[PDB]
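Chains P, D, T and Q supply the protein sequences, listed in that same order. Quick note: the first sequence uses PDB author numbering, first residue 1, plus one each step. Quick note: the second sequence uses PDB author numbering, first residue 2, plus one each step. Quick note: the third sequence uses PDB author numbering, first residue 8, plus one each step. Quick note: the fourth sequence uses PDB author numbering, first residue 2, plus one each step. Just so you know, even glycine gets a beta-carbon here, dropped at the ideal spot from N, CA and C. Below: the structure, in structure tokens.
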Amino acid sequence: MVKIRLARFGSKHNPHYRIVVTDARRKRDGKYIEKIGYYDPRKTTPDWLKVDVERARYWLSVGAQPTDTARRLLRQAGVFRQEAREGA
Amino acid sequence: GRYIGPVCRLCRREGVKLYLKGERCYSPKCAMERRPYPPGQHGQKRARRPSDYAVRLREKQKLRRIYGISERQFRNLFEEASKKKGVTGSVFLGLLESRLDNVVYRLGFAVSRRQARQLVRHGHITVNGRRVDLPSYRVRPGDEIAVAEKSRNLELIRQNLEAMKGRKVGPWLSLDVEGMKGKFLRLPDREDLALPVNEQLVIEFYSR
Amino acid sequence: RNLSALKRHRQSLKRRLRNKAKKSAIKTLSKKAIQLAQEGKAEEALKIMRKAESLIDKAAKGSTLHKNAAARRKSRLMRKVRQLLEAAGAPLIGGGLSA
Amino acid sequence: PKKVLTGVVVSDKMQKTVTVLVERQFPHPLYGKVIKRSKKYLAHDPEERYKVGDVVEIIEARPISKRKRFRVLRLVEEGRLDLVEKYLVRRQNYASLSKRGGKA
RNA sequence: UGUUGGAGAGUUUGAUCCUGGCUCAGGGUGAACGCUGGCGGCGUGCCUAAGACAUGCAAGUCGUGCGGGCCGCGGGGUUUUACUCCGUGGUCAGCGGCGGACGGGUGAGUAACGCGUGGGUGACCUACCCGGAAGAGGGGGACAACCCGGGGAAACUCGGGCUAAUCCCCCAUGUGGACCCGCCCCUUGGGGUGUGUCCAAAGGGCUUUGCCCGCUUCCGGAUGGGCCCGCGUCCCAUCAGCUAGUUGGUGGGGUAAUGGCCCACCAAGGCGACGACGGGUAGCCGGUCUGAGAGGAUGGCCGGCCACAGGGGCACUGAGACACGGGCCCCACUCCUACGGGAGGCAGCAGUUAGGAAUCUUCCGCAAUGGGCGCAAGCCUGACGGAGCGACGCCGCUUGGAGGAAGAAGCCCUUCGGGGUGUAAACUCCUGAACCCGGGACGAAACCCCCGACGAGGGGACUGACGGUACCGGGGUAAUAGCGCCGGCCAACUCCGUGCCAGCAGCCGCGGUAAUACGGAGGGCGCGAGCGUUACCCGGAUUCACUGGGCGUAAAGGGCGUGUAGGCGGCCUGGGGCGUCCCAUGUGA
Ligand SMILES: [Mg+2]
Ligand SMILES: [Mg+2]
Ligand SMILES: [Mg+2]
Ligand SMILES: [Mg+2]
Ligand SMILES: [Mg+2]
Ligand SMILES: [Mg+2]
Ligand SMILES: [Mg+2]
Ligand SMILES: [Mg+2]
Ligand SMILES: [Mg+2]
Ligand SMILES: [Mg+2]
Ligand SMILES: [Mg+2]
Ligand SMILES: [Mg+2]
Ligand SMILES: [Mg+2]
Ligand SMILES: [Mg+2]
Ligand SMILES: [Mg+2]
Ligand SMILES: [Mg+2]
Ligand SMILES: [Mg+2]
Ligand SMILES: [Mg+2]
Ligand SMILES: [Mg+2]
Ligand SMILES: [Mg+2]
Ligand SMILES: [Mg+2]
Ligand SMILES: [Mg+2]
Ligand SMILES: [Mg+2]
Ligand SMILES: [Mg+2]
Ligand SMILES: [Mg+2]
Ligand SMILES: [Mg+2]
Ligand SMILES: [Mg+2]
Ligand SMILES: [Mg+2]
Ligand SMILES: [Mg+2]
Ligand SMILES: [Mg+2]
Ligand SMILES: [Zn+2]
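In structure tokens form, the structure reads like this:
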């Protein structure tokens, strides 16, 4: 399954992830398919999530299943707010 | 633990006057005053024409001993330089002169570098607000280097600034004796610095 | 000891005899289906083909052969026969042989 | 894209098969001098149409045995023993280096 | 693979020059040894016996597939009896689905399409995930569990009987698909089509006319992977010839697919000095070290690929394995044995022992990121997140800061007036790492539940290993230094001892009664929690020279010739345009 998950890159106590797309199979720290962005849990620099809606959506339409965590993040970006109005 | 111990013997070895104590090394007592010959049991004997290596060496221990840095921190900056665009020479000094523990010397907060090294250690200084007890911290162009609020009341420090009332500052710095603050305008250029050095030689030493 | 993963080696066997048998059969039915055509008995060899043919795709339905293992067999036999029936035969039933 | 190589047959002894010589040419990894090396490829003649010393082109394909993985597209000159004679003449040499001992 | 880049010296002589080897200064090390050793951050830590390993732990999960054995609480039917029906909690194993083919270890083997690079598959497979079409009708059967008995010293095995389902099977159905065969468009098994033949399937669950999960067939996406090819990959020619399934061919077998991949027959070829065959050595690469560069050396950590899991062989099951913690046989090995026969494998984390100059905790956590199974709750997971030990490396930090006499004491030297350690200490003042008090978090937000429509969105709540740690606020004491050298290269000099002795030594050498070269003292240079040493890689070494060397006498012209492969080739014009150069673009994670 090609899934959108996180990957650990930062160092010891300063973890920095990646919204990578891949096979649940490889290790979420090895080769990948593409990068949809990143997130730094810690919350130091004004820029956290950087998910590219565009690509995100596309892998999703292909079947890339995002982790519960990978989702929360794509939902913060907008990988899920499909244009609506007149009624809400 | 870089050096720490007798200093003026350093002053006497390089044969040139080094300001490693601030006060005194001005009044008749820095030793180089009626005793400029090196220390040891042969300081007064005659010196033999130095080797190309001796000169390059002496000239380094000078540049460095003025800032009291381990040959270790000394080297690595040399390299930083070597790599940066610009005249290895001055680019080196620039940085050397960018050390907080140093800037605190030029701004006057302390009688001399070593003391400034310390003040930085005991947290009597600040940069942009957040104090910094790191000597080797590199001050960037535009960073206020103030005195610790809870320190502005120490006798020693007041004493220092008190006498700065008048002492101008490098055209690459400026301070506000009132608010005991002071900015790092820009990296001082070789000219701006009056060092009895020949960095064209330090350089040559690390070319061996 | 007792990782209880021996269940896998416990099922397999049940599946070894499982597979073993359908295949073996396919084979037998196949070959037997040949012999006939070879000789010349028209119908009797096509009739058997069908069954044979079936068994194939049947063992194939699951995971006995699957894929195109149910494509050589078939095609292959649907040749030996037809061709072995090239000694004056005329497929009267022409079952498993779109003529 | 499947690679095409152009060479010179050098043996038609086998059935539906032709041994083609591909001379390549490249500068040294460490001396830049130009250099020539060669390789014998085994391609298929399903028509037995290609004969000795014909200069052919070759393409990658379904392996058709241990070593043969190329074919013979179409001709490029129906005759030149000129070069075959070189290869044949190279081998002829080996047949005589070491062992046999012309000295005994 | 970046774009400011290149120092030499000592030593063969009476003296010179050239040659030429040896030697040093540099940098790097998964290191080791010595002396010394205060803190923290990150990193890293068996390189030798791929020797052997005790014990614990490293892959399981689902009762929303199924039926039972067992311990328990509760409800029925026969008015009290044995008996029996229902709901239900825990539990154990079984049948079944999916995971065990990922993750984790090692580098033995392999010079090979193993890897790197780029292409090929009209020669292919791809569970689970995603989009789209169509469908889910009827019937039958077994094996476990469980009950009986038998063999066994065990391990465990056998026979007997019953029963369930998403387990197996038959029939029906067919959007369709599979095959043969005829034809069309393509062009090596690509696509479309005709009559014939063959092939589907299961249910479970609830807020039950609704939907969740699941299931069947088929076309597409997605990812992953097989196979094949060009090119690139060490040393030795005192390894020169190798080859019989070996080279091709046809038929056939086998595989998801090509193929000598396997077999039968036919032909006899294929590989080699542009180094076959053999021996030795070695996992390959991204990268690392060095270097002015060209190049050299290396490939431990991290990442991609390969290979192995006691040695060797083999297949079963499955999408995938020829399966590290699966299975079968042989070998060796330790282990149980009433000796008839059985049991294991740490190159998984952690530890043990052997080897060794040398390499750690038998830790904590499942909070996080990740993987597995499940509607979910959640279970699992030494993967991982972390803590411990080792100055093994790198980076930051301290042992204090200003003042303090023509100058204590002491020790050293001093043709003896004095010089030196030295502002160093003493002493004064200022600051105040440790340590104590109180406060203490980022890494955590969702999965679940509610509103909404099961969307989108919004609301609610639980959730830490590291830690009571980092970090902030207050109080607060001056509170570790060593080590190498000081003849020349190489910066640093006297005296005392010793007398070619004791001893130094990287090269040159130093010592036979004045030693700046042995030992101690004083002093001095260097570097500083480190400094020396040893080993190995690059540098210096233009000392294998492509960049960048040589051969009259220093090492070096083959005794001469003939000539093969090969290397090289005058002058003019025209075709190609392979080399070569240029632009675009894909690749160069
Ligand atoms: Mg990973
Ligand atoms: Mg210091
Ligand atoms: Mg010096
Ligand atoms: Mg100072
Ligand atoms: Mg088990
Ligand atoms: Mg089994
Ligand atoms: Mg078939
Ligand atoms: Mg060539
Ligand atoms: Mg071949
Ligand atoms: Mg660059
Ligand atoms: Mg001499
Ligand atoms: Mg059942
Ligand atoms: Mg009981
Ligand atoms: Mg009743
Ligand atoms: Mg249980
Ligand atoms: Mg159970
Ligand atoms: Mg793996
Ligand atoms: Mg490739
Ligand atoms: Mg036809
Ligand atoms: Mg084809
Ligand atoms: Mg060089
Ligand atoms: Mg194991
Ligand atoms: Mg999880
Ligand atoms: Mg679930
Ligand atoms: Mg490193
Ligand atoms: Mg105080
Ligand atoms: Mg060289
Ligand atoms: Mg020479
Ligand atoms: Mg010419
Ligand atoms: Mg061209
Ligand atoms: Zn001084």
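Quick check on residue i: does DSSP put it in helix, strand or coil?
i, result
"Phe93/D", "helix"
"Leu22/Q", "strand"
"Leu176/D", "strand"
"residue 114/P", "Because chain P here runs from 1 to 88, residue 114/P falls outside it and cannot be looked at."
"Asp23/P", "strand"
"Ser137/D", "coil"
"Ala94/T", "coil"
"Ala49/T", "helix"
"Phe71/Q", "strand"
"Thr44/P", "coil"
"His45/Q", "strand"
"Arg85/P", "coil"
"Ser70/T", "coil"
"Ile158/D", "helix"
"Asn199/D", "coil"
"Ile65/Q", "coil"
Please classify residue i: is it buried, with 16 or more other beta-carbons within 10 angstroms of its beta-carbon, or exposed?
i, result
"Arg79/T", "exposed"
"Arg72/Q", "buried"
"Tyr42/Q", "buried"
"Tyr39/P", "buried"
"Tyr54/D", "exposed"
"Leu157/D", "exposed"
"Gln42/T", "exposed"
"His125/D", "buried"
"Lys104/Q", "exposed"
"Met56/T", "buried"
"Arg100/D", "buried"
"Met1/P", "exposed"
Output needed for residue i: all residues of its chain with C-beta closer than 6 Å, excluding positions within five of it in sequence on either side, in chain order.
i, result
"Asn26/T", "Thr71"
"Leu91/T", "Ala44, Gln45"
"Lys85/D", "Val92"
"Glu98/D", "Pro189"
"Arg118/D", "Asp102, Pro136"
Kindly list the residues whose CB is nearer than 7 Å to the CB of residue i, restricted to its own chain and excluding five residues on each side of it in sequence; keep chain order.
i, result
"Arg191/D", "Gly90, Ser91, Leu94"
"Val51/P", "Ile19, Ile36, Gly37, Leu73, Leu74, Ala77, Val79"
"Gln82/P", "none"
"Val203/D", "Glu60, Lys61, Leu64"
"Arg57/D", "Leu202, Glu205, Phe206"
"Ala77/T", "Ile63, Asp64, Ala67"
Excluding five sequence neighbours on each side, which residues of the same chain lie with their C-beta closer than 8 Å to the C-beta of residue i?
i, result
"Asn129/D", "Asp144, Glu145"
"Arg83/T", "none"
"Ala49/T", "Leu92, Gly96, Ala97, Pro98, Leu99, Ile100"
For the putative contact between residue i and residue j, defined by C-beta atoms under 8 Å, what is the C-beta separation to the nearest angstrom?
i, j, result
"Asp13/Q", "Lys52/Q", "6 Å"
"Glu58/Q", "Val77/Q", "6 Å"
"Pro136/D", "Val121/D", "5 Å"
"residue 1/Q", "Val23/Q", "One cannot answer for residue 1/Q here, as it falls past the ends of chain Q, which runs 2 to 105."
"residue 106/Q", "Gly80/Q", "For residue 106/Q there is no data in the structure shown, the boundaries of chain Q being 2 and 105."
Using 8 Å as the cut-off, can you tell me whether the stretch 62–81 of chain Q makes contact with the stretch 37–54 of chain Q, which would need three or more C-beta pairs spanning the two stretches below that distance?
Contact between the stretch 62–81 of chain Q and the stretch 37–54 of chain Q is established, with three or more Cβ pairs separated by less than 8 Å.
Meets three-Cβ-pair contact criterion under 8 Å: the stretch 164–173 of chain D and the stretch 145–152 of chain D
no
Three or more C-beta pairs closer than 8 Å, one from the stretch 22–32 of chain P and one from the stretch 2–15 of chain D: is that the case here?
At 8 Å Cβ cutoff, the stretches do not touch.
Cβ contact check for the stretch 70–78 of chain D and the stretch 40–48 of chain D: 3 or more pairs under 8 Å:
No contact exists between the stretch 70–78 of chain D and the stretch 40–48 of chain D.
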